[PDB]
file work-v4.tsv (TSV, C-alpha atoms (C1' of nucleotides) and all ligand atoms)
chain	number	residue	atom	x	y	z
A	1	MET	CA	-30.22	-24.63	17.04
A	2	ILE	CA	-28.55	-22.83	14.13
A	3	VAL	CA	-24.87	-21.93	13.86
A	4	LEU	CA	-23.49	-19.70	11.13
A	5	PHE	CA	-19.75	-19.99	10.40
A	6	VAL	CA	-17.93	-17.19	8.59
A	7	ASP	CA	-14.58	-17.80	6.91
A	8	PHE	CA	-12.48	-15.09	5.18
A	9	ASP	CA	-11.17	-16.39	1.81
A	10	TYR	CA	-7.40	-16.75	1.25
A	11	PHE	CA	-7.43	-13.94	3.82
A	12	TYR	CA	-3.80	-12.75	3.93
A	13	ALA	CA	-3.44	-12.79	0.17
A	14	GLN	CA	-6.80	-11.03	-0.18
A	15	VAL	CA	-5.83	-8.31	2.23
A	16	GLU	CA	-2.57	-7.69	0.33
A	17	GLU	CA	-4.82	-7.46	-2.73
A	18	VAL	CA	-7.20	-4.97	-1.13
A	19	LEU	CA	-4.23	-2.73	-0.22
A	20	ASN	CA	-3.01	-2.74	-3.84
A	21	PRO	CA	-5.83	-3.71	-6.26
A	22	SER	CA	-3.28	-3.84	-9.07
A	23	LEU	CA	-2.62	-7.35	-7.68
A	24	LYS	CA	-6.15	-8.62	-8.33
A	25	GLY	CA	-6.10	-11.24	-11.06
A	26	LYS	CA	-2.49	-12.35	-10.53
A	27	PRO	CA	-1.13	-15.20	-8.41
A	28	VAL	CA	-0.17	-13.80	-4.99
A	29	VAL	CA	1.91	-15.62	-2.39
A	30	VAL	CA	2.24	-14.27	1.18
A	31	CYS	CA	5.59	-15.56	2.42
A	32	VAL	CA	7.44	-15.88	5.69
A	33	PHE	CA	11.15	-15.45	4.95
A	34	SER	CA	13.30	-17.13	7.59
A	35	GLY	CA	16.38	-15.45	6.15
A	36	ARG	CA	18.64	-18.51	6.41
A	37	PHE	CA	19.21	-18.09	2.69
A	38	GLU	CA	17.84	-16.93	-0.66
A	39	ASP	CA	14.09	-17.41	-0.34
A	40	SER	CA	14.32	-19.66	2.71
A	41	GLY	CA	10.92	-19.84	4.34
A	42	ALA	CA	7.43	-21.20	3.91
A	43	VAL	CA	4.26	-20.01	2.30
A	44	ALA	CA	1.76	-18.50	4.74
A	45	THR	CA	-0.99	-18.64	2.11
A	46	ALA	CA	-1.73	-17.93	-1.52
A	47	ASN	CA	-4.79	-16.75	-3.45
A	48	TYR	CA	-6.53	-19.07	-5.93
A	49	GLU	CA	-4.48	-17.86	-8.90
A	50	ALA	CA	-1.67	-19.66	-7.14
A	51	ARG	CA	-3.49	-22.36	-5.23
A	52	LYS	CA	-4.89	-23.91	-8.38
A	53	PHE	CA	-1.31	-24.84	-9.29
A	54	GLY	CA	-0.40	-26.45	-5.98
A	55	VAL	CA	1.01	-23.40	-4.18
A	56	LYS	CA	-0.47	-23.57	-0.69
A	57	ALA	CA	0.42	-22.79	2.91
A	58	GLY	CA	3.30	-24.87	4.20
A	59	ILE	CA	5.29	-25.56	1.02
A	60	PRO	CA	8.75	-23.97	0.75
A	61	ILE	CA	8.94	-20.54	-0.85
A	62	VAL	CA	11.58	-22.09	-3.12
A	63	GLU	CA	9.34	-24.92	-4.31
A	64	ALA	CA	6.58	-22.45	-5.17
A	65	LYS	CA	8.85	-20.28	-7.32
A	66	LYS	CA	9.68	-23.41	-9.33
A	67	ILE	CA	5.97	-23.70	-10.04
A	68	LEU	CA	5.17	-20.00	-10.50
A	69	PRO	CA	8.45	-18.07	-10.90
A	70	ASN	CA	6.40	-15.04	-12.04
A	71	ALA	CA	3.79	-14.88	-9.30
A	72	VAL	CA	3.86	-12.00	-6.86
A	73	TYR	CA	5.70	-12.89	-3.65
A	74	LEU	CA	5.11	-10.78	-0.56
A	75	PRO	CA	6.41	-10.78	3.05
A	76	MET	CA	3.80	-11.49	5.71
A	77	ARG	CA	2.44	-8.43	7.54
A	78	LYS	CA	0.61	-9.90	10.55
A	79	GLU	CA	-0.32	-6.61	12.26
A	80	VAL	CA	-2.06	-5.28	9.17
A	81	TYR	CA	-4.11	-8.44	8.69
A	82	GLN	CA	-4.93	-8.46	12.38
A	83	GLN	CA	-6.46	-4.99	12.31
A	84	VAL	CA	-8.47	-5.74	9.17
A	85	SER	CA	-9.75	-8.87	10.94
A	86	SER	CA	-10.88	-6.95	14.03
A	87	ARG	CA	-12.83	-4.46	11.99
A	88	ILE	CA	-14.51	-7.36	10.23
A	89	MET	CA	-15.25	-9.08	13.54
A	90	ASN	CA	-17.34	-6.08	14.55
A	91	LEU	CA	-19.52	-6.08	11.43
A	92	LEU	CA	-20.23	-9.67	12.47
A	93	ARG	CA	-21.01	-8.80	16.09
A	94	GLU	CA	-23.78	-6.60	14.78
A	95	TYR	CA	-25.55	-9.84	13.90
A	96	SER	CA	-25.51	-11.59	17.28
A	97	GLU	CA	-24.00	-11.10	20.72
A	98	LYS	CA	-23.28	-14.81	20.53
A	99	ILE	CA	-20.01	-14.78	18.59
A	100	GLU	CA	-16.96	-17.05	18.95
A	101	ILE	CA	-13.81	-15.71	17.31
A	102	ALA	CA	-11.90	-18.92	16.56
A	103	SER	CA	-8.97	-17.59	14.54
A	104	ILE	CA	-7.83	-14.48	12.68
A	105	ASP	CA	-10.29	-15.30	9.92
A	106	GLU	CA	-12.89	-17.62	11.42
A	107	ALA	CA	-15.91	-17.08	13.56
A	108	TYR	CA	-19.20	-18.67	14.61
A	109	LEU	CA	-22.46	-16.94	15.42
A	110	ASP	CA	-25.40	-18.27	17.38
A	111	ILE	CA	-28.33	-16.98	15.36
A	112	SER	CA	-30.90	-19.32	16.85
A	113	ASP	CA	-32.80	-16.12	17.69
A	114	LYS	CA	-32.75	-13.91	14.59
A	115	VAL	CA	-33.53	-16.75	12.17
A	116	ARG	CA	-36.43	-19.20	12.35
A	117	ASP	CA	-35.21	-21.74	9.80
A	118	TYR	CA	-32.50	-22.59	7.30
A	119	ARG	CA	-34.06	-20.13	4.80
A	120	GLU	CA	-33.81	-16.91	6.78
A	121	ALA	CA	-30.46	-18.37	7.80
A	122	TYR	CA	-29.35	-18.39	4.19
A	123	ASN	CA	-30.52	-14.83	3.63
A	124	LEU	CA	-28.70	-13.63	6.73
A	125	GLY	CA	-25.78	-15.45	5.17
A	126	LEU	CA	-25.95	-13.50	1.94
A	127	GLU	CA	-26.63	-10.33	3.88
A	128	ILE	CA	-23.43	-10.81	5.90
A	129	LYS	CA	-21.22	-11.92	3.02
A	130	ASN	CA	-22.45	-8.74	1.42
A	131	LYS	CA	-21.90	-6.22	4.19
A	132	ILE	CA	-18.28	-7.39	4.53
A	133	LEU	CA	-17.64	-7.36	0.78
A	134	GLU	CA	-18.93	-3.80	0.86
A	135	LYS	CA	-17.37	-2.36	4.04
A	136	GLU	CA	-13.97	-4.05	3.69
A	137	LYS	CA	-14.12	-5.53	0.18
A	138	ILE	CA	-13.31	-9.07	1.18
A	139	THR	CA	-14.96	-12.34	0.21
A	140	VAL	CA	-15.84	-14.93	2.84
A	141	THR	CA	-17.58	-18.29	2.78
A	142	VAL	CA	-20.56	-19.01	5.04
A	143	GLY	CA	-21.29	-22.48	6.41
A	144	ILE	CA	-24.67	-22.97	8.11
A	145	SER	CA	-25.95	-25.83	10.29
A	146	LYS	CA	-26.96	-27.36	13.62
A	147	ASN	CA	-23.60	-27.22	15.44
A	148	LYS	CA	-20.17	-25.64	14.98
A	149	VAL	CA	-18.63	-28.73	13.44
A	150	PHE	CA	-21.10	-29.02	10.58
A	151	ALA	CA	-21.33	-25.27	10.01
A	152	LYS	CA	-17.57	-25.38	9.44
A	153	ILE	CA	-17.87	-28.43	7.20
A	154	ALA	CA	-20.50	-26.65	5.13
A	155	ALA	CA	-17.95	-23.88	4.73
A	156	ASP	CA	-15.19	-26.21	3.51
A	157	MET	CA	-17.57	-27.45	0.88
A	158	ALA	CA	-19.03	-24.11	-0.27
A	159	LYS	CA	-15.67	-22.33	-0.60
A	160	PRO	CA	-14.33	-20.19	-2.12
A	161	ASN	CA	-16.66	-17.22	-1.94
A	162	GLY	CA	-19.57	-19.57	-1.29
A	163	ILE	CA	-22.36	-20.17	1.23
A	164	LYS	CA	-23.96	-23.52	2.00
A	165	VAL	CA	-26.45	-24.99	4.40
A	166	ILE	CA	-26.27	-28.48	5.79
A	167	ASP	CA	-29.73	-29.48	6.95
A	168	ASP	CA	-30.54	-32.38	9.26
A	169	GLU	CA	-31.40	-34.68	6.38
A	170	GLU	CA	-27.90	-34.10	5.01
A	171	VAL	CA	-26.12	-34.16	8.37
A	172	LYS	CA	-27.22	-37.80	8.60
A	173	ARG	CA	-25.97	-38.78	5.15
A	174	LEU	CA	-22.67	-37.07	6.01
A	175	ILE	CA	-22.29	-38.95	9.29
A	176	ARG	CA	-22.35	-41.84	6.83
A	177	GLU	CA	-20.79	-40.68	3.55
A	178	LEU	CA	-18.39	-37.99	4.79
A	179	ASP	CA	-14.89	-39.36	5.37
A	180	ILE	CA	-13.70	-39.27	9.00
A	181	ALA	CA	-10.46	-37.53	8.07
A	182	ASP	CA	-12.51	-34.69	6.62
A	183	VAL	CA	-13.88	-34.04	10.12
A	184	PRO	CA	-12.51	-30.99	12.06
A	185	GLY	CA	-9.94	-32.01	14.61
A	186	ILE	CA	-8.80	-35.17	12.89
A	187	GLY	CA	-5.28	-34.61	11.63
A	188	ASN	CA	-3.19	-37.29	9.96
A	189	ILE	CA	-2.02	-38.96	13.17
A	190	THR	CA	-5.62	-39.49	14.24
A	191	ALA	CA	-6.86	-40.28	10.72
A	192	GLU	CA	-4.16	-42.95	10.69
A	193	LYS	CA	-5.03	-44.49	14.04
A	194	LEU	CA	-8.64	-44.49	12.85
A	195	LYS	CA	-7.93	-46.53	9.72
A	196	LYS	CA	-6.29	-49.25	11.78
A	197	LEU	CA	-9.54	-49.50	13.71
A	198	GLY	CA	-11.59	-49.92	10.56
A	199	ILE	CA	-13.07	-46.52	11.27
A	200	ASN	CA	-13.20	-44.59	8.00
A	201	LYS	CA	-16.52	-42.85	8.68
A	202	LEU	CA	-18.13	-41.08	11.64
A	203	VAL	CA	-20.60	-43.95	11.93
A	204	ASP	CA	-17.99	-46.66	12.56
A	205	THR	CA	-17.29	-44.95	15.88
A	206	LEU	CA	-20.39	-46.78	17.12
A	207	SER	CA	-19.25	-50.29	16.15
A	208	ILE	CA	-16.25	-50.13	18.46
A	209	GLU	CA	-16.08	-50.55	22.21
A	210	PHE	CA	-15.66	-47.01	23.48
A	211	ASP	CA	-12.92	-48.10	25.87
A	212	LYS	CA	-10.73	-49.37	23.02
A	213	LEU	CA	-11.20	-46.11	21.13
A	214	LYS	CA	-10.40	-44.09	24.24
A	215	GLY	CA	-7.20	-46.11	24.47
A	216	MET	CA	-6.30	-45.33	20.86
A	217	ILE	CA	-7.20	-41.66	20.29
A	218	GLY	CA	-7.97	-40.39	23.78
A	219	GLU	CA	-11.08	-39.81	25.86
A	220	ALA	CA	-11.82	-36.23	24.80
A	221	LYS	CA	-11.42	-37.09	21.11
A	222	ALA	CA	-13.34	-40.36	21.36
A	223	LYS	CA	-16.24	-38.63	23.10
A	224	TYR	CA	-16.06	-35.82	20.54
A	225	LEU	CA	-16.41	-38.29	17.66
A	226	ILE	CA	-19.00	-40.54	19.30
A	227	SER	CA	-21.37	-37.61	19.98
A	228	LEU	CA	-21.11	-36.26	16.42
A	229	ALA	CA	-21.95	-39.69	15.04
A	230	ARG	CA	-24.86	-40.04	17.44
A	231	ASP	CA	-26.12	-36.72	16.06
A	232	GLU	CA	-25.84	-35.32	19.57
A	233	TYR	CA	-22.81	-33.00	19.38
A	234	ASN	CA	-23.91	-29.65	20.75
A	235	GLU	CA	-21.11	-27.32	21.82
A	236	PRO	CA	-21.89	-23.67	22.69
A	237	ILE	CA	-20.52	-20.57	20.98
A	238	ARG	CA	-18.19	-19.14	23.64
A	239	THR	CA	-15.88	-16.13	23.50
A	240	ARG	CA	-12.21	-17.19	23.64
A	241	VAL	CA	-9.29	-15.33	25.23
A	242	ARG	CA	-5.51	-15.14	24.66
A	243	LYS	CA	-3.98	-17.69	27.04
A	244	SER	CA	-0.36	-17.38	25.89
A	245	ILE	CA	1.79	-14.86	24.03
A	246	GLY	CA	5.09	-15.76	22.44
A	247	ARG	CA	7.62	-15.40	19.67
A	248	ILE	CA	9.95	-17.84	17.95
A	249	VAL	CA	12.68	-16.85	15.52
A	250	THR	CA	14.98	-18.73	13.19
A	251	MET	CA	18.74	-18.40	13.62
A	252	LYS	CA	20.88	-17.85	10.53
A	253	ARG	CA	22.85	-20.91	11.65
A	254	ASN	CA	22.09	-23.95	13.80
A	255	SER	CA	23.94	-23.57	17.08
A	256	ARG	CA	24.61	-24.97	20.56
A	257	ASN	CA	26.65	-21.95	21.55
A	258	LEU	CA	24.83	-20.21	24.39
A	259	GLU	CA	26.23	-16.79	23.49
A	260	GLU	CA	25.44	-17.39	19.84
A	261	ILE	CA	21.82	-17.97	20.84
A	262	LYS	CA	21.06	-15.37	23.56
A	263	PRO	CA	20.63	-12.47	21.09
A	264	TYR	CA	17.92	-14.30	19.18
A	265	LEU	CA	16.27	-15.24	22.48
A	266	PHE	CA	16.32	-11.79	24.04
A	267	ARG	CA	14.87	-10.40	20.82
A	268	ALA	CA	12.04	-12.94	21.09
A	269	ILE	CA	11.45	-11.90	24.70
A	270	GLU	CA	11.49	-8.21	23.79
A	271	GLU	CA	8.91	-8.63	21.05
A	272	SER	CA	6.88	-10.83	23.35
A	273	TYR	CA	6.84	-8.19	26.07
A	274	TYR	CA	5.76	-5.50	23.64
A	275	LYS	CA	2.88	-7.81	22.63
A	276	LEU	CA	1.89	-8.50	26.22
A	277	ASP	CA	0.86	-4.84	26.41
A	278	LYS	CA	-0.60	-4.46	29.92
A	279	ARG	CA	-0.79	-8.24	30.39
A	280	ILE	CA	1.31	-9.88	33.09
A	281	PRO	CA	2.46	-13.54	32.93
A	282	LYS	CA	3.32	-15.78	35.90
A	283	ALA	CA	4.47	-18.53	33.53
A	284	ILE	CA	7.31	-18.67	31.03
A	285	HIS	CA	8.54	-21.36	28.64
A	286	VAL	CA	11.61	-21.39	26.40
A	287	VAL	CA	10.98	-23.22	23.13
A	288	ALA	CA	13.47	-24.65	20.69
A	289	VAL	CA	13.31	-26.41	17.36
A	290	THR	CA	16.14	-28.95	17.05
A	291	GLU	CA	18.17	-29.20	13.84
A	292	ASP	CA	15.99	-32.20	12.88
A	293	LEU	CA	12.82	-30.10	13.19
A	294	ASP	CA	11.80	-31.59	16.54
A	295	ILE	CA	10.48	-29.37	19.35
A	296	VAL	CA	11.91	-29.02	22.87
A	297	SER	CA	10.59	-26.92	25.74
A	298	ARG	CA	11.24	-26.10	29.40
A	299	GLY	CA	9.16	-23.80	31.54
A	300	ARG	CA	8.55	-22.59	35.04
A	301	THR	CA	5.61	-21.02	36.81
A	302	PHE	CA	6.28	-18.24	39.29
A	303	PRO	CA	4.16	-17.40	42.35
A	304	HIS	CA	3.71	-13.89	40.95
A	305	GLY	CA	3.99	-11.83	37.77
A	306	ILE	CA	7.19	-11.67	35.72
A	307	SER	CA	9.35	-8.61	35.07
A	308	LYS	CA	11.30	-8.28	31.84
A	309	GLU	CA	14.44	-8.43	33.98
A	310	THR	CA	13.28	-11.69	35.54
A	311	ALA	CA	12.23	-13.14	32.20
A	312	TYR	CA	15.58	-12.30	30.59
A	313	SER	CA	17.54	-14.01	33.35
A	314	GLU	CA	15.07	-16.90	33.77
A	315	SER	CA	14.91	-17.75	30.07
A	316	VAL	CA	18.67	-18.32	30.10
A	317	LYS	CA	18.57	-21.03	32.78
A	318	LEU	CA	15.88	-22.73	30.67
A	319	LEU	CA	17.88	-22.49	27.44
A	320	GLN	CA	20.71	-24.03	29.48
A	321	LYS	CA	18.55	-26.82	30.88
A	322	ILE	CA	17.53	-27.49	27.28
A	323	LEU	CA	21.11	-27.70	25.94
A	324	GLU	CA	22.10	-29.78	28.99
A	325	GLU	CA	19.14	-32.13	28.51
A	326	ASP	CA	19.14	-32.40	24.70
A	327	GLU	CA	22.29	-32.53	22.55
A	328	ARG	CA	21.10	-31.75	19.03
A	329	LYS	CA	21.88	-28.35	17.60
A	330	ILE	CA	19.15	-25.69	17.81
A	331	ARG	CA	17.47	-24.28	14.71
A	332	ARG	CA	14.79	-21.95	16.07
A	333	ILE	CA	14.48	-20.46	19.55
A	334	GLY	CA	11.69	-18.58	21.32
A	335	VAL	CA	9.65	-17.83	24.40
A	336	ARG	CA	6.06	-18.17	25.47
A	337	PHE	CA	4.33	-16.33	28.32
A	338	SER	CA	1.22	-17.81	29.90
A	339	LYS	CA	-0.89	-17.58	33.06
A	340	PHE	CA	-1.77	-13.90	33.07
A	341	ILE	CA	-2.91	-12.21	36.30
B	1	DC	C1'	13.24	-27.75	1.48
B	2	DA	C1'	9.36	-26.72	5.97
B	3	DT	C1'	7.61	-19.97	9.08
B	4	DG	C1'	5.31	-19.39	13.29
B	5	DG	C1'	1.66	-19.00	16.50
B	6	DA	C1'	-1.51	-20.79	20.00
B	7	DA	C1'	-5.04	-23.83	22.13
B	8	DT	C1'	-6.07	-28.48	24.10
B	9	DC	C1'	-5.48	-32.81	25.31
B	10	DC	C1'	-2.50	-36.83	27.24
B	11	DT	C1'	1.26	-38.88	30.38
B	12	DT	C1'	4.08	-38.72	33.91
B	13	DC	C1'	5.53	-37.29	38.13
B	14	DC	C1'	4.76	-35.59	42.70
B	15	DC	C1'	2.82	-34.02	47.45
B	16	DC	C1'	-0.77	-35.42	50.38
B	17	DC	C1'	-4.95	-36.65	52.68
C	1	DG	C1'	-6.97	-44.42	45.93
C	2	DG	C1'	-7.53	-40.03	44.06
C	3	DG	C1'	-7.58	-34.69	44.21
C	4	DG	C1'	-4.63	-31.01	42.48
C	5	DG	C1'	-0.89	-29.09	39.94
C	6	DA	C1'	3.18	-28.48	37.31
C	7	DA	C1'	5.88	-30.18	33.22
C	8	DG	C1'	6.92	-31.61	28.91
C	9	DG	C1'	5.17	-33.56	24.78
C	10	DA	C1'	1.52	-34.85	21.25
C	11	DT	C1'	-1.61	-33.12	17.82
C	12	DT	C1'	-4.47	-29.89	15.26
C	13	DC	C1'	-5.32	-25.86	12.43
C	14	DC	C1'	-5.08	-20.97	11.28
A	401	LIG	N1	1.86	-21.98	8.13
A	401	LIG	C1	1.32	-20.75	8.25
A	401	LIG	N2	2.11	-19.67	8.59
A	401	LIG	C2	1.54	-18.45	8.70
A	401	LIG	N3	0.26	-18.11	8.53
A	401	LIG	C3	-0.49	-19.20	8.19
A	401	LIG	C4	-0.06	-20.52	8.05
A	401	LIG	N4	-1.08	-21.36	7.71
A	401	LIG	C5	-2.10	-20.58	7.65
A	401	LIG	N5	-1.83	-19.24	7.93
A	401	LIG	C6	-2.86	-18.27	7.87
A	401	LIG	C7	-3.12	-18.30	6.35
A	401	LIG	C8	-4.34	-17.50	6.19
A	401	LIG	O1	-4.13	-16.13	5.84
A	401	LIG	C9	-4.99	-17.70	7.53
A	401	LIG	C10	-5.83	-18.96	7.39
A	401	LIG	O2	-6.90	-19.09	6.52
A	401	LIG	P1	-6.87	-20.59	5.80
A	401	LIG	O3	-5.42	-20.34	5.54
A	401	LIG	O4	-7.44	-21.15	7.05
A	401	LIG	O5	-7.82	-19.99	4.81
A	401	LIG	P2	-7.51	-19.26	3.41
A	401	LIG	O6	-8.27	-18.00	3.63
A	401	LIG	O7	-6.12	-19.05	2.97
A	401	LIG	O8	-8.33	-20.31	2.54
A	401	LIG	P3	-9.80	-20.23	1.93
A	401	LIG	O9	-9.75	-20.11	0.32
A	401	LIG	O10	-10.67	-21.32	2.45
A	401	LIG	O11	-10.45	-18.88	2.33
A	401	LIG	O12	-4.11	-18.47	8.47
A	402	CA	CA	-10.10	-21.85	7.18
A	403	CA	CA	-10.58	-19.07	5.29
A	404	CA	CA	-8.24	-33.45	8.28

call {"tool": "encode", "arguments": {"input": "work-v4.tsv", "output": "structure tokens", "more": "lines below"}}
Ligand SMILES: Nc1ncnc2c1ncn2[C@H]1C[C@H](O)[C@@H](COP(=O)(O)OP(=O)(O)OP(=O)(O)O)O1
Ligand SMILES: [Ca+2]
Ligand SMILES: [Ca+2]
Ligand SMILES: [Ca+2]
result
Amino acid sequence: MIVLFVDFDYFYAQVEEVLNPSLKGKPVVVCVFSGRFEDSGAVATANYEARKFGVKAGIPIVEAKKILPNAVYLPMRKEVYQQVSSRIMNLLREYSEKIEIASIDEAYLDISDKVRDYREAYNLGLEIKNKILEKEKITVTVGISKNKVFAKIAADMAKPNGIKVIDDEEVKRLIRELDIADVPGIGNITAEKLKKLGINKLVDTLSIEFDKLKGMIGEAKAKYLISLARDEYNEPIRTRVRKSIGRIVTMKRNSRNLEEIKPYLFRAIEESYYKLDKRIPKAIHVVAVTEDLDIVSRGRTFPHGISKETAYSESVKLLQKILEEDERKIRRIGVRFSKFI
DNA sequence: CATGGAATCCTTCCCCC
DNA sequence: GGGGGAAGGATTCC
């Protein structure tokens, strides 16, 4: 079984670069301005000219300018990146019907057919990296291996602009050498709970009584880990589908004032509805980020679709329930529509 | 200082054979 | 006791 994982390099920055080659060579930072103040916002992503100096997704736009005051800073243009991504996803389809679009820049292909071994796999890897670099002019990294997890790990290793294969001989040394935290799906919270269990490697998951592990990180997660370690993880490449559509915005000022909030909320709803395009939700949730960056939410499922008129009205009772229930001031507000017909 | 989007799992009810 | 869902939160990663 051979899985090939494709991963567009510093994607947003690269796209901004492809749309204005004059940028190539310079440090480019794609930002998300929250407009609360001068350069308030976070970094969506940066190309390597910037990443090599610490500028990476998540850090404040202000902190980055301290590091590279002369780098190019650009506002995020989601739609544009999204279309470029789709086009690229097709070039990839033409390499296997078995494709799993994970994110806006990640995908897996089941090429157990086409290829007969890790060699022809590699070639197909160079062939693909090439077609994309030609058709759209964008570099991607290719991870190749037995299952999705290791194909992705190969990618993390071989990037940027690389391609790497992780054969069975190596998978086994990794299940031993590779640090557990460096395993897809293990954030810091998990990584932390894992230390406390003396589990710092995939292998240690076999020296613990499953039931204790299930009580620490959860059944799903514990089974996930245990099967990888046992060299038995074998998840299929399935095609995913949008299960929720939403929009969250930041308010110039933290508020509790219903009226002060509504405008931001209706705007979120409006945008959301435009995005739903043809899709009809039976579920709605109102989401809020408290002034201490905590998240609060209240929803409701209807026994039928939801009209914009109903959503408008219904989202207000939920924002009210929120303010009634919680007392902190609200920083960001938004809606999320799920359970399409 | 810290945008914003979305999927998945875990707990806690809760109604009911 | 446990099936079946809805809710609200926890956690991960793009
Ligand atoms: N906090 C964020 N806000 C908005 N967009 C984000 C955020 N974090 C990540 N993204 C986007 C950034 C990228 O354009 C896209 C993710 O690709 P990642 O960021 O996974 O790879 P990258 O392409 O920047 O790194 P690499 O050099 O491995 O290719 O997801
Ligand atoms: Ca990635
Ligand atoms: Ca990437
Ligand atoms: Ca990790």

call {"tool": "atom_distance", "arguments": {"input": "work-v4.tsv", "atom1": "atom CA of residue A:184", "atom2": "atom CA of residue A:85"}}
result
22.3 Å

call {"tool": "residues_around", "arguments": {"input": "work-v4.tsv", "residues": "residue B:16", "least_positions_apart": "6", "cutoff": "12 Å", "atoms": "all atoms listed in the file", "output": "count of residues only"}}
result
4

call {"tool": "residues_around", "arguments": {"input": "work-v4.tsv", "residues": "residue C:12", "least_positions_apart": "4", "cutoff": "12 Å", "atoms": "all atoms listed in the file", "output": "PyMOL selection string"}}
result
(chain A and resi 183-191+221) or (chain B and resi 6-9)

call {"tool": "interface_residues", "arguments": {"input": "work-v4.tsv", "of": "chain B", "to": "chain A", "cutoff": "6 Å", "atoms": "all atoms listed in the file", "output": "PyMOL selection string"}}
result
chain B and resi 1-3

call {"tool": "residues_around", "arguments": {"input": "work-v4.tsv", "residues": "residue B:11", "least_positions_apart": "6", "cutoff": "12 Å", "atoms": "only C-alpha atoms (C1' of nucleotides)", "output": "number ranges by chain"}}
result
A: 218; C: 7-10

call {"tool": "residues_near_ligand", "arguments": {"input": "work-v4.tsv", "ligand": "ligand CA 403 (chain A)", "cutoff": "7 Å", "atoms": "all atoms listed in the file", "output": "mmCIF file with C-alpha atoms, keeping the file's coordinate frame"}}
result
data_model
loop_
_atom_site.group_PDB
_atom_site.id
_atom_site.type_symbol
_atom_site.label_atom_id
_atom_site.label_comp_id
_atom_site.auth_asym_id
_atom_site.auth_seq_id
_atom_site.Cartn_x
_atom_site.Cartn_y
_atom_site.Cartn_z
ATOM 1 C CA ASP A 7 -14.580 -17.800 6.910
ATOM 2 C CA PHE A 8 -12.480 -15.090 5.180
ATOM 3 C CA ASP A 9 -11.170 -16.390 1.810
ATOM 4 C CA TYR A 10 -7.400 -16.750 1.250
ATOM 5 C CA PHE A 11 -7.430 -13.940 3.820
ATOM 6 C CA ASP A 105 -10.290 -15.300 9.920
ATOM 7 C CA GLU A 106 -12.890 -17.620 11.420
#

call {"tool": "atom_distance", "arguments": {"input": "work-v4.tsv", "atom1": "atom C1' of residue C:14", "atom2": "atom CA of residue A:253"}}
result
27.9 Å

call {"tool": "atom_distance", "arguments": {"input": "work-v4.tsv", "atom1": "atom CA of residue A:142", "atom2": "atom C1' of residue B:4"}}
result
27.2 Å

call {"tool": "closest_residue", "arguments": {"input": "work-v4.tsv", "among": "A:83, A:14, A:141, A:96", "to": "ligand CA 402 (chain A)", "atoms": "only C-alpha atoms and all ligand atoms"}}
result
A:141

call {"tool": "closest_residue", "arguments": {"input": "work-v4.tsv", "among": "A:50, A:341, A:68, A:101", "to": "chain C", "atoms": "all atoms listed in the file"}}
result
A:101

call {"tool": "residues_near_point", "arguments": {"input": "work-v4.tsv", "point": "(2.0, -16.7, 35.3)", "cutoff": "7 Å", "atoms": "only C-alpha atoms (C1' of nucleotides)", "output": "MDAnalysis selection string"}}
result
chainID A and resid 281:283 301:302 304:305 338:341

call {"tool": "closest_residue", "arguments": {"input": "work-v4.tsv", "among": "A:197, A:120, A:107, A:228", "to": "chain C", "atoms": "all atoms listed in the file"}}
result
A:107

call {"tool": "axis_aligned_box", "arguments": {"input": "work-v4.tsv", "around": "stretch 3-14 of chain C", "padding_each_side": "5 Å", "output": "JSON"}}
result
{"center_x": -0.3, "center_y": -27.9, "center_z": 27.7, "size_x": 24.5, "size_y": 23.9, "size_z": 42.9}

call {"tool": "residues_near_point", "arguments": {"input": "work-v4.tsv", "point": "(-18.8, -37.0, 17.6)", "cutoff": "12 Å", "atoms": "all atoms listed in the file", "output": "short mmCIF file (atom, residue, chain, number, x, y, z; two decimals) with C-alpha atoms, in the frame of the given file"}}
result
data_model
loop_
_atom_site.label_atom_id
_atom_site.label_comp_id
_atom_site.auth_asym_id
_atom_site.auth_seq_id
_atom_site.Cartn_x
_atom_site.Cartn_y
_atom_site.Cartn_z
CA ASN A 147 -23.60 -27.22 15.44
CA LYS A 148 -20.17 -25.64 14.98
CA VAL A 149 -18.63 -28.73 13.44
CA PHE A 150 -21.10 -29.02 10.58
CA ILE A 175 -22.29 -38.95 9.29
CA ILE A 180 -13.70 -39.27 9.00
CA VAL A 183 -13.88 -34.04 10.12
CA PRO A 184 -12.51 -30.99 12.06
CA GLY A 185 -9.94 -32.01 14.61
CA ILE A 186 -8.80 -35.17 12.89
CA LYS A 201 -16.52 -42.85 8.68
CA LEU A 202 -18.13 -41.08 11.64
CA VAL A 203 -20.60 -43.95 11.93
CA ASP A 204 -17.99 -46.66 12.56
CA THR A 205 -17.29 -44.95 15.88
CA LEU A 206 -20.39 -46.78 17.12
CA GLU A 219 -11.08 -39.81 25.86
CA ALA A 220 -11.82 -36.23 24.80
CA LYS A 221 -11.42 -37.09 21.11
CA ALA A 222 -13.34 -40.36 21.36
CA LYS A 223 -16.24 -38.63 23.10
CA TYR A 224 -16.06 -35.82 20.54
CA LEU A 225 -16.41 -38.29 17.66
CA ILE A 226 -19.00 -40.54 19.30
CA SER A 227 -21.37 -37.61 19.98
CA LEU A 228 -21.11 -36.26 16.42
CA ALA A 229 -21.95 -39.69 15.04
CA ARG A 230 -24.86 -40.04 17.44
CA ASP A 231 -26.12 -36.72 16.06
CA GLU A 232 -25.84 -35.32 19.57
CA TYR A 233 -22.81 -33.00 19.38
CA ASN A 234 -23.91 -29.65 20.75
CA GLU A 235 -21.11 -27.32 21.82
#

call {"tool": "residues_around", "arguments": {"input": "work-v4.tsv", "residues": "residue A:56", "least_positions_apart": "3", "cutoff": "6 Å", "atoms": "only C-alpha atoms (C1' of nucleotides)", "output": "MDAnalysis selection string"}}
result
chainID A and resid 45:46 51
